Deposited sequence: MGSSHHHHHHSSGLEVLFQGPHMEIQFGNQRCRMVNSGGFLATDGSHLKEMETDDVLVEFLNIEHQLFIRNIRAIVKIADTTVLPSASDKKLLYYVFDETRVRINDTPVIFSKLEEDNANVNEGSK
């Protein structure tokens, strides 16, 4: 599927990756968020941003103890107050 984050069109083709500001495989210190796609389920880990799924704020987490949140509302994900659209 494709991730639209304001400006950005990004594709996600194999269970996920890291969202840079302007999908990367490695977690650099300039990536905002981590995506996982498995068995038709979408998960987001917050690294360095303000992240919302509907009314839920996604707590940031470190790479050795990741907190990956099931995206229970694929239509209300926000990152840094910018809407994210997923489309297959």
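Undergrad: What ranges of the deposited sequence are left out of this structure?
TA: Model skips 1-22, 45-47, 114-126 of the deposited chain.
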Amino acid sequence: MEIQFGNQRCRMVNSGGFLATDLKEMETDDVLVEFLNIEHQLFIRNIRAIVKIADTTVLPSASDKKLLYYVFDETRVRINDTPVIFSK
From here on, numbers count along this sequence of modelled residues.
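Undergrad: Averaging the C-alpha B factors as listed in the entry, name the stretch that ends up higher: 8-16 or 60-68.
TA: Looking at the recorded C-alpha B-factors, 8-16 comes out higher on average.
Undergrad: Could you say which of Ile44, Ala54, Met26, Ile38 has its CA atom at the highest B factor, as listed in the PDB entry?
TA: Within the set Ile44, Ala54, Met26, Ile38, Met26 shows the top C-alpha B-factor.
Undergrad: Where does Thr75 sit by CA temperature factor within its chain: lowest, middle or highest third?
TA: Bottom third by C-alpha B-factor.
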